[PDB]
Every structure is written in structure tokens, then in C-alpha cells.
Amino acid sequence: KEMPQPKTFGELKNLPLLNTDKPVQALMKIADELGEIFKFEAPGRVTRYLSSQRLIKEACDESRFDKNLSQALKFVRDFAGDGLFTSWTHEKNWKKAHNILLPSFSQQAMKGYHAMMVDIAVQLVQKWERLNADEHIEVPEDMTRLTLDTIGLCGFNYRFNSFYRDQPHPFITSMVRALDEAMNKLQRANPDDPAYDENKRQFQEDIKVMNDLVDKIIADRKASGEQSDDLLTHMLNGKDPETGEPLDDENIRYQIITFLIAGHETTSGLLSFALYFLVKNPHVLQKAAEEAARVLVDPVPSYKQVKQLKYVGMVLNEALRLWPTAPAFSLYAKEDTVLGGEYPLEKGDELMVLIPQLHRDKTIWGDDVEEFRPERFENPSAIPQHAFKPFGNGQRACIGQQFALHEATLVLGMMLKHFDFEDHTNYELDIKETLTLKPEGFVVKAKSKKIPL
């Protein structure tokens, strides 16, 4: 009868368990103890966390369950609007933007963005080439610089020039602070306290900063009418085949903001986690390094060459298995239904999918789920369906998957080609949680292989 449920705090029920700066990791620890499913109650709200493939494969049935906006995404909606990430499936603007943008994010479309991805990738490599002997690299910080600039340059032909700065571009500063505020509202439960009136003031300033800049460029592009290899161009000229309508300027701005929120820290995390696992597993590093040296024979990597980096792609997937940088997504029941032949759900009942736990399901991956072994993904078809979901599910899955994977593969490939890396501090893994996961304080020393660009 009784579904498992963690410890309670009187009238607040389970809510104070999320009063911590590592909620996802705390939920993973509760999942290990309680198993494939547990209930999580707060005042006037309930959800259910899923950890097993057998339940999550049902949850991924699109006729039965549809994407839900978690409380986090709802707060991100205040600045991300009805962009793809924070819109409901049934909103007109989701499907409309989805139909228009899908060709712009396809595997074949990556040939278009490639040149500009290399531009930023080269800047990364050149920064590291120009370091002095005893200097070190702050990994996630530089990965974040690279991903922001790559999406900025590929998305709307704008250069944040993050590698020319210590304090980031105003937009970026406002965005991270807005994200932090959004995530902090999950912990508290006193909206209109006089102290938090300061937080709401900054929030509205940050919203305006992001809106003003993006709206400025949208207008500048329409007035000049120039063509480029970016998403903004496709969003201005694009028509939805279904409704026959283009996106209006307001939605276009929300998509641009969305691409930065959704993509930048997820991708930077992937590279950060990938490099971490590589330096903690030297034999795996040699393999990836060998492939990089063999395949990337030109100083400027080509699109075709990135596709050949098979083992580098396996490394990234295994990093995503262990630490999926967007660790959860939310679903709701479209109608009354039974989950697993023993858990009745009413219409509107919300489900959370703990992706890190899904990826540690003993019944799928084996006994050694904590080990870093890219060999697991030697054959893509071997992996059973709905067992590996770092990019979410179905029509609400990540539209920027091919973008993210092409960027991470290109950059990691170039990193392993040009440098030997050293875990000089014997770094202990400390996972910082915002909307996404990152290895905080992860540092390495890169020794150059003296290969020209």
C-alpha cells in the first residue's frame, strides 16, 4: 500500500530536505535507500521520484505522460518565457517554434555552425598554449567561457569575448544571477518578506538586461537585413509549415535567451565532467588521446573528422551516464493510469525522473555502475530503450543534442590532441548544483604537445 517516503518535518512534510545546496545528490541518496520510487510531499504539493528503467520507460510513454514544468522551470519562465524549454506542449508557440527550429538543429545543419565552433575552440587552445609553467587551468570556468561564446556566436552572431575577460559580459552576469535566484526560491517558503524585496529588485534588473540586449540585436538584424550562419537568421526567415506563421520578435528573443540558459552550463559541465573522468582514468585518456592524434591530422579540424572521433564520443556518453548535467525532468499524467501495475496515478499527478539513478540501474548496466568505462557505448544499438536519457524524452527531448555533442567532441578532441593533462591537486569531486551539475574547483595543469594550429 504505502509508497516509500523520506523523513518528515511536521507540517512542512518533506520540503526542508530540499533546503540544501545539493538537492539532486540528496535525492539520489534517498533513492538508494528507498528504491525505484518514492513520494515527496510539501504543503499543497506532491511529486513522485522515479529511479528505475522499468518505471521510467512507462513514464516516457507520450500517449500517457507529457512534459511538466517543475517549480524550477516555472521560475525560469519569468525570463525564458514561452521559449521551447519553459513552454507547455499544448501552447501554440511550442509546436510552432519546434517545427521551425528542428532543421536548424539537425546533424546536417552542424556543417553550418562548425566554422564558428572552431573559432572559439581555437581561442580556448590558444589560451592554454599561452599559460606559463607553474600556472593551472580552472576547468569549468574556461569550459563555460567556451560554451557561452560558441552558442552566442552560432546562435545570433554575437561575441561575448569571454576569453578577453575575468568579469563576464553583463548579459552573462545577469543570466547566472537570475538562474540562481530562480533556484533559491525552491528552498524558501516566505515570498513577501521585506528582506527578499532586494532579491526581486535585482531579478527585474537582470530580466531587463537580457531582454534589452537581445531585442537590440533582433532589431539591428532586421534593419540591416544581413544574412549569417546562425539561428537568428533562420528564426527571422522561418515559417512553421503547420500554421504558416513565423515566430514574432518577442518569442524570438525568448528562444535566444533559452539557447543560452539550456545549453551553456549543461555543455560546459559535460566537458568538465569528461575531463575529470579522463584524468582519473589514465588508460581511458591514452585511448582518447590516441584517437585524437590519429584523426585530427589538420591544424583546423573539419566536420568530417569530428564524426570519426568515435571513442571521444563514447567518453562523453559515459560522462553523461554518470553525471547527466541536466539531472532531472518532470512529467504529468495526461489521464488516470496505473504505473508499474501497482501505482495508481490521477490526472495531473507529477513525476520526477532522477536521471543519475536511471543511469545506475543495476538491472541494465550491471554491478559496476560507478566505474568509468566508455566501452559500454561501443555499440549504440546494444543499449536498451529508455535506459539512457541525458537529453530527455520524445518530442520534448533536447533540440540541441547534436549541437552539444558536436561541440563537446570537437573541443575535447582538440584538447586531447594539443595537451597532456595532470591532476596536480589530486582533485576530490565536489559537485555544485544550480539548474545543472558541475565539478566545482576542478583544476588541472596542461603541458603542451607543441602542435601548431
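Throughout, we count residues from 1 along the sequence that is shown. Superpose the two forms; the largest set of C-alphas matching within 1.5 Å is the rigid core.
Across the superposed structures in 9 other deposited structures of this protein, aligned by the core, the stretch whose Cα atoms lie more distant on average is 104-112, chosen from 331-339 and 104-112. Where the structures in 9 other deposited structures of this protein are fitted on the rigid core, 191-199 is the one of 191-199 and 248-256 whose C-alphas sit farther from the shown form on average. Once the C-alpha B-factors are averaged per stretch, 145-153 and 195-203 rank with 195-203 first. Between the stretches 116-124 and 335-343, it is 335-343 that shows the larger average CA temperature factor. The top Cα temperature factor in the record, among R360, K216, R130, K92, falls on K216.
Per the deposited coordinates, the residue with the largest Cα temperature factor out of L275, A97, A288, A189 is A189.
Ranked within its chain, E138 lands in the lowest third, by CA B factor from the PDB record. Sort the chain's modelled residues by C-alpha temperature factor and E181 lands in the highest third, per the entry. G44: CA B factor in the highest third of modelled residues in this chain (values from the PDB entry).
Residue-level temperature factors show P374 in the middle third of its chain, judged at the C-alpha atom. Per the deposited record, the Cα B-factor of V24 falls in the lowest third when ranked against the other modelled residues of its chain.
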